[PDB]
Number of protein chains: 2
Amino acid sequence: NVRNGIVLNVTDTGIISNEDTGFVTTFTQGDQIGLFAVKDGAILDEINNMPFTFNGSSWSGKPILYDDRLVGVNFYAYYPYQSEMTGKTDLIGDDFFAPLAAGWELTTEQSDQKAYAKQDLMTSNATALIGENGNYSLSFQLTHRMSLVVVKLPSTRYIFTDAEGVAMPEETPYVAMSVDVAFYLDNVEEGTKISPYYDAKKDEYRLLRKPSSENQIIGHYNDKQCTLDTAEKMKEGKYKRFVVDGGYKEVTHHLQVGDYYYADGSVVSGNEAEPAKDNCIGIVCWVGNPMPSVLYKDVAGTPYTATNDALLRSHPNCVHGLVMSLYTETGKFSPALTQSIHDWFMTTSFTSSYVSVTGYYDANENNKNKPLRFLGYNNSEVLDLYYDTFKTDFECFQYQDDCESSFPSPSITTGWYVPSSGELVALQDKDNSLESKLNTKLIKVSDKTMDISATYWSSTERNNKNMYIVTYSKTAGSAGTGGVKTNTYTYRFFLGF
Amino acid sequence: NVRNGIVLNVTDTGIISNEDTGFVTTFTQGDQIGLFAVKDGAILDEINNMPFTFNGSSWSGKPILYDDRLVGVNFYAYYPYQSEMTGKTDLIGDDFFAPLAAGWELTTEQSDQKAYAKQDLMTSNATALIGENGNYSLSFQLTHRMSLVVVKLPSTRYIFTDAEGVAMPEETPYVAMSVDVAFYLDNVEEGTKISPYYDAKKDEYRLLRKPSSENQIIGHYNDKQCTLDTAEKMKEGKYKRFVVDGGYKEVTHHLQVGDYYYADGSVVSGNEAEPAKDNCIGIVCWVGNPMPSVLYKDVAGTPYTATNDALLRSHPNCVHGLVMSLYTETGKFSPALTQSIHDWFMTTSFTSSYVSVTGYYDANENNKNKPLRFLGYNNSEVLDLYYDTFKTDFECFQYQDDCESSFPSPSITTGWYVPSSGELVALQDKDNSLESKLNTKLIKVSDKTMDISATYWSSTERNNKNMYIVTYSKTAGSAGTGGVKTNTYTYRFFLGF
Ligand SMILES: [Cl-]
Ligand SMILES: [Cl-]
Ligand SMILES: [Cl-]
Ligand SMILES: [Cl-]
Ligand SMILES: [Cl-]
Ligand SMILES: [Cl-]
Ligand SMILES: [Cl-]
Ligand SMILES: [Cl-]
């Protein structure tokens, strides 16, 4: 920091409620401000739209050295810096940045941090230099020149419990959030669609608007609509929050196998006599934490640890259970390969961070134990790594895409995957849970049940030509090695939540 | 109230904690006290163990008229009045009732209000007459001379909920209380068994003991034991409360068909992998309020009202559901009758307060609707009224006794009864709930399941010779009229809770 060099500080006064701290900008590396110095009614040539960049810790630019000529000077700052400021300042009026604000062109494309930030105009009023004996600073207070729309759609936290009301352990709240969300300006049309900023942490949408604007914003979500009347609520530097149908709420639910699972992540009791078919994407088929490093923590030699647990790494919040798709089709899995996915995998740098898809040649578990483990999510990630290398369009990827297209998985889940042979075998028990707990629900929300006499694909590999395939009796599932990749068997997809 | 007649008031100072108000006696109609008047070191012949009886509002006896001779007189009172008080008072010592207390014989037979009250010795100290100008009163403060043991065994309130944790409506708390309760003095033997007073309102046992007594009291309950060391805790006019294994506690439970039901009224989730067989008496087979005036409140002509609802009248707290017995046997129901129970019933004064047992000749409901109603509890009470009149030992009463002997029903339930044909038909649905929800539980706690091909007795009468009998397919129950009372069919008992 140059001797006699003026230090720059920038503070956002924040966007406050039209009716707390409000929305205060903290700034980030790369943000730029412009600085002006006005002396005796004229901008100083040396400090005329001078840019300063935030590096994550402080504001840097060309040093401004203190001089006695800076006594009585009015300093002004604005964000975001504009290369062209000709005619954007006013020396006569009482608002130096009045033309910048008047001509500020705001669009409805604000869906990412950069698209929003570049439109969030902030300015200071006349600021004095503080200091003496070579230690000087400029500390600006910035105010937002636009207005802000905040939308809070309805959401539901589920506290999943056992039959005694004891909450199951989790990493973060499980929240069902609105789906098929679209916002429109004044009327619903493809050309009037607007793109607000989605705050995933607060679960709310934000949109900068010109002060005194009066448009209706139409929101579509789930299967309904709302009208957000912004007229008279668009004050400069202030926000209006629209809470739609109660906003956030919390419920408790005894999570059980057979419960109905929906596109927004909501769950309905499997005892429901008339379940809604709309947006139903599957049935809860297993309750508990399905991470292999949790399930198999006490297995001899600890073959599953946090280091090689892809599910724990990619979706640490999915500790409640598994869902089976209403989706079902018959088809091929992949072409017959020269080199198995297992054999390819063992030649890569991924052997410490993933588990092989093989049920048969695993280095840590024998061919009796490995096909019984819950590893479908792992297997999907290993198959994605294989795809990234060879770009072979396996038929299983097309069925996965089709399941996702017809029954979109919630963003809070793993997404759909072909279950491992272990996950499929666990669908059946000695009390015929497949027919009694699953098919009795499937028939209420779908025209297809899980045929107990059918053969099901797993994502567990036998060799270069075969997958493990699962069959059932009325008392057990059985993982067999005869699943020739080019044969036709039945698909059911799973997701973790 | 006689002019110049002294008014008597009696107040118990109460039994207080050895370590609130404590246990304060309020007195009841028929209670008697004895009164003494001591003048110049001698008992007055006119007021020597004079009895006074409480009538529910006031104390009455032979009137005591005020006289100047009563100035300076010491009055004493004790409870309960004894016809013989010779040598039971002390004029020399500072405690007038010291010999009464010293010779007081206390037994361990205190199981009813009268057996307890007759042993609860209470006395006053010297009391002065209050008043002037013909208005006088004697207001005694009585203190308990014995000590008191209070035992609080463990109990569990169940707040039964649906899958969303919403409490089901109820009239009073549902509480599982200890069973097979027995107390013994010093050691366990048939001859050392003691009978304390059971306070059903507070769910606790009380036993008067001599002050400074030191016996261990051994309590047996459920399948365990406790030792109550009374040594050093038996102070005159004070109680010691022993809280066994935490005493009263509250839990919440999602009540479902298939849940395991126990002898103490406790319920275990039907999802339990290893249910306890010990004290299991049945399976929850229906959830909800089973009172016919509630279930059928909207039926045309309102055939079921509070006036003719025997279940609501006798067990108003049984609004949670029904349980089916683990018990099952085959046998006859009754002899063939000349006059049906229905035909007998219609000639009685009970036709407005009960529903007929007939499924076929009901005056308000036709023969298609009447056999589908839940009326087994009603039917048991009508059959008891028939037994009270004719004293015929029907075989169904012997099977009921046998079920109760092997699987005792909790005191908070209806007790076991033969289900109506309507209750049996509701055990099966289109998703084969009989085999999937009931038999899968029965096989874990019993060696017998409900055979879907068997024929079951109901308590619904067809005519003088036949009962309705229920058969099942994999999709429905069917109530048939071919149940000749002297034929052999299968019994399953139900209870309401
Ligand atoms: Cl920010
Ligand atoms: Cl909210
Ligand atoms: Cl089979
Ligand atoms: Cl297997
Ligand atoms: Cl009392
Ligand atoms: Cl307690
Ligand atoms: Cl059938
Ligand atoms: Cl029928």
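We use all heavy atoms of the structure for the numbers below, so side chains are in, but hydrogens, waters and symmetry mates are not. Labels below follow one simple rule: chain letters A, B, ... track the order of the sequence lines, proteins then strands, and each chain is numbered from 1.
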- Task: Enumerate by number any residue of residues 255-266 of chain B whose heavy atoms lie under 4.5 Å from heavy atoms of chain A; in the absence of such residues, state 'none'.
- Result: B/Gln256
- Listed by residue number, which members of residues 427-443 of chain B have a heavy atom under 4.5 Å from any heavy atom of chain A? B/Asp431, B/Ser436, B/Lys437, B/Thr440
- Could you tell me whether the side chain of B/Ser420 and the main chain of B/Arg373 form a donor-acceptor pair under 3.5 Å? yes
Could you check if a side-chain atom of [X] sits within less than 4.5 angstrom of a side-chain atom of [Y], using non-hydrogen atoms only?
X        : Y        : value
B/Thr161 : A/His254 : no
A/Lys249 : A/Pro154 : no
A/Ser458 : A/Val425 : no
B/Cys226 : B/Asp245 : no

- Mind jotting down which residue pairs meet the ring pair (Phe, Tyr, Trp, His ring centres under 6.0 Å) criterion with at least one end in residues 266-296 of chain B? Sequence neighbours excluded, please. B/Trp286-B/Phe374, B/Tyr296-B/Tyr304
- Query: Rounded to the nearest 0.5 Å, what separation is found between the OH atom of A/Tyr377 and the OH atom of A/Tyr417?
  - Reply: 9.5 Å
- Message: Run the side-chain hydrogen bond (donor to acceptor under 3.5 Å, both in side chains) test against B/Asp451 and tell me which residues pass, sequence neighbours left out.
- Response: B/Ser453
- Task: Determine whether more than 12 heavy atoms belonging to other residues, nucleotides or ligands lie under 6.0 Å from atom CG of B/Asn271.
- Result: no
- Message: Could you check whether atom CG of A/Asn366 has more than 12 heavy atoms from other residues, nucleotides or ligands sitting under 6.0 Å from it?
- Response: yes
- Query: Side chain, backbone, both or neither: which part of B/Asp162 has a heavy atom under 4.5 Å from chain A?
  - Reply: neither
